[PDB]
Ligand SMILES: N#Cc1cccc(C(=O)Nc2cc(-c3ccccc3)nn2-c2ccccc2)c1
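Shown here is one chain on its own, the form deposited without this ligand, set out as structure tokens.
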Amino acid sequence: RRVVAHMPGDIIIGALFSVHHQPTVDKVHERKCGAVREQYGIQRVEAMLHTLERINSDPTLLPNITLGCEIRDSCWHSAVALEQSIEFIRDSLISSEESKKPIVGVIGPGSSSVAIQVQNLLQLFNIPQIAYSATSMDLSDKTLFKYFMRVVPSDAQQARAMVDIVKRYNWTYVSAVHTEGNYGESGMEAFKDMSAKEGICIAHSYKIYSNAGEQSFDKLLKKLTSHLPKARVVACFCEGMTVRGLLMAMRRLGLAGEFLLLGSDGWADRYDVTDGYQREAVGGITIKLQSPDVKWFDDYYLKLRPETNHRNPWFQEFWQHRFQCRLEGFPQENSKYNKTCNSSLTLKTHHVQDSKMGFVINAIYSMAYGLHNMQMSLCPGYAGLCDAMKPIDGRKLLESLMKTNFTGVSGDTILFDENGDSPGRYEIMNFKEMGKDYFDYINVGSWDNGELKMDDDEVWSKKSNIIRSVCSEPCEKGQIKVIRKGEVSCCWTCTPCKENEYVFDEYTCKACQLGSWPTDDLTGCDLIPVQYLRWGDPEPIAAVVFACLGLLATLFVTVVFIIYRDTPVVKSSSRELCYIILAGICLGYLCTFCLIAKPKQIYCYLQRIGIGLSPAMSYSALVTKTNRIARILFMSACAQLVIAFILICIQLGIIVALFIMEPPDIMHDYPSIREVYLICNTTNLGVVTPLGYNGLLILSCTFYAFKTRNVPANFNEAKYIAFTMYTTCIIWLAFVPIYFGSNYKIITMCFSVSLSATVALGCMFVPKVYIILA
């Protein structure tokens, strides 16, 4: 039967404090506890005892009513606390109603797994429970946990604070550890849920027991470092002892400074998890509940001596544990040590205040104010305890505590909502080395309603922080697309899309349509500039000058001929045939123009019509003359005019059908993706058919010329006609394959037409000019 710390009074208040450590592994069945706790144990006991004494001494609180207490160990374990709560039920249930006085309520415990079970036991008998450290979020279900209250906020805000911290420093690939239990597990699920939305990954979650053996943490480090050196931050909802085990194993295996580790309030500002291993933990960032120090307890606590303490059963043992001695004549001598303590050892040596003492004292004050308010609002007739209040009712007490409104010892008004959750604030401490062999926790940031006010300059002391825990760097630099292996979306591989494709999706590019070139930054495409001839090239210049020379010669000859209509040469020859030849030459030389210019809707059609009509409009007169001279060896002028007009009409109809089959049009030729040209609609048949017609005409001309070659008549005109016909046939035969052998087709046609006209001009025009002149 374990010991208890009691203080007599009219009313009795219970409490569960973990004076001893958790039972070690394989010893749970014996329910035997470990070492004594200095700051989570006895400090709380003395705080509660002194607080109740002080509130008893207060005249404005519970007049003529004295308040007692009953403190019991729980050893940070579920079963031990269940047994102690069963003892609490035994004290009030049977003997008190009809032992000691009934127990009004409990204050504790401080863990989110033990408190749940103690509440399950204590909600059947209607005994309110006010915790001070069980900051889990599964205890805010007032339908299932009805008699539970808190003086601290839940951990749905610690998860938000940790997410904001990890996001603010551009961490993306983080590990994950959490101690098994209702505190680590639910907080870690909340962290995962609120981290997935913010685009922050999780490398691999883990889970470990605090009391796990020495060889269960080496495995954890091996599985945590298998991901190195990609994830250099470990997010932890672990308790203090799990972090201590991690630090010990890191020192043993040799990972001093291997990776930063981010932690919760479990190891917020506790010197008892890094003492002796303060070299491995430098850099860690721990969130802490904001609680200022209390001077009442400091003044009262330091004067305590073991020989003058008649209220704490766990004091002398604590004294020999802290100072490492053996008191000679004390009842709990514990002679397993040596070097007995002097009469000069005091508690003000290496004193460290507990980090959650204000919450303890506020919980006690909250219970006292609930009792006082219900007393004055249920029994107004008397100042004290009345028969209407005997016995005290649990439901009335719960409904009186759910409306608390008062100022705590720290100076802040304490009021919690219908869910029983007082508001709170957070600090963000950083562990680092202030001096040589001197290490400490220093305040860096804060947290209140999302206003994370941190110090980027104070942490890492420079612009070069730890290597960011990232799997893929920002590789999509505007010319590379992103591909994933399918295993994880956190980090990816990079594939460069083709030069003809621009970036459209973050994951994939897309190629543009034909006729457009991707821009410099690959954000899109622009229309490829069109290349054409603007008379600047030397070959068009040469063609133009040759055409101009021929045109000047033709105009000179026709002016000379038209100056005098009557002449011996003019009388011998026919004016109609020479006029037709001149008109054909002029039409051809005009067709040389309007083709070298920029193509248009009608310019190229007119050029095609001219180049198809000029040889036809020219050869008709000469073939008629050859036919007449062959017949010699609708008559005369009428016959020649009829033949010429018939041939002209036939050629015009053929050309009309030619461009009826292929209407004129302009288009952008695409020789390659790089270059785009401008062309007119030119069907192959529409070009071929005039060539066939001209070939038939040339065959007739050469046959007739070879027929009448003997005649020296018309001032030896037969030789000139035969030579001209042979030259024209030869040049046409040589020029037919030229069109289908290069990309200079326009220049080839222009030159061929110009020289074909020039040959005939030189053959025929000059002799007439000589005959007129000399």
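Take the two forms, find the largest set of C-alpha atoms that superpose within 1.5 Å, and that set is the rigid core. The numbering used is simple: start at 1 and walk along the sequence shown.
Beyond what is shown, the protein has a form solved in complex with this ligand; the following relates to that form.
- The pocket of the shown chain is open, since this ligand, superimposed from its pose in the deposited complex, puts no atom within 2.4 angstroms of any backbone or C-beta atom.
- Heavy atoms within 4.5 Å of this ligand in the deposited complex are found in one stretch of 327-335, 609-617, 360-368, 439-447, which is 609-617.
- Listed residues 720, 706, 732, 715 were compared with this ligand in the deposited complex; 732 is the one with a heavy atom within 4.5 Å.
- With the partner omitted here, the residue from 430, 694, 558, 682 that has a non-hydrogen atom within 4.5 angstroms of this ligand in the deposited complex is 694.
- Residue 19 falls outside the set of residues with a heavy atom inside 4.5 Å of this ligand in the deposited complex.
- Although the partner is absent here, residue 698 sits close enough that one of its heavy atoms falls within 4.5 Å of this ligand in the deposited complex.
- Of the heavy atoms in residue 753, some are within 4.5 Å of this ligand in the deposited complex.
- Residue 33 falls outside the set of residues with a heavy atom inside 4.5 Å of this ligand in the deposited complex.
- Across the proposed site, 188, 195 and 234 without exception lack any heavy atom within 4.5 Å of this ligand in the deposited complex.
- Checking 331, 411, 254, 529 for C-alpha shifts of 2 Å or more between the shown form and the other one, after the rigid core is superposed, gives a single hit: 529.
- Once both forms are fitted on their core, a CA shift of 2 Å or more is seen for residue 760 between the shown form and the other one.
- Relative to the superposed core, residue 747 undergoes a C-alpha shift of no less than 2 Å between the shown form and the other one.
- In this overlay on the rigid core, residue 229 has a C-alpha that sits less than 2 Å away from its partner position between the shown form and the other one.
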